[PDB]
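Given next, in structure tokens, is a single chain: the form deposited in one PDB entry.
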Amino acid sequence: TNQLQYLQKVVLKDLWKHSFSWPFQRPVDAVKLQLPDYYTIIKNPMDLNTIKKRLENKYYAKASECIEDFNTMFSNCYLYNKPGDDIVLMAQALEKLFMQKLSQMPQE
């Protein structure tokens, strides 16, 4: 499970420390953001703290399941929001950081 550890102590920790990560450190707050339809049209909401808890709890069976949750977090954000929105620019920078750290994942 060395790929799942790299995802926890490297990929997740490096995304979390990144400047743009705080909007993604909890599930999208539909009350604070005033989004009556968010949890209606976004079928698989995802956030960095959910990924953190699932890694700590050994919820994932293989690295690809956790990687998919990371991708779902980015695509939910692109999907719901609009081109050029601040949050979308933040998602993209975090996704680039995500992809470049997947570059260095031990292929085990």
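Shifts are known only where both forms have a C-alpha. Note that residue numbering begins at 1 and tracks the sequence as displayed. In this text, rigid core is short for the largest set of C-alphas that superpose within 1.5 Å between two forms.
What comes next is about the form deposited in another entry, which is not displayed.
Comparing C-alpha positions between this form and the one not shown after a rigid core fit, one residue in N44, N81, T50, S75 moves 2 angstroms or more. It is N44.
Put simply, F20 and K43 come closer in that other deposited form: their C-alpha atoms are 3 Å or more nearer than in the form shown. In that other deposited form, the CA atoms of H18 and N44 come closer by at least 3 angstroms compared with the shown structure. Listed in sequence order, the shifted runs between this form and the one not shown are 26-29, 32-45, counting only residues present in both forms whose C-alphas move 2 Å or more over at least three consecutive positions once the core is aligned.
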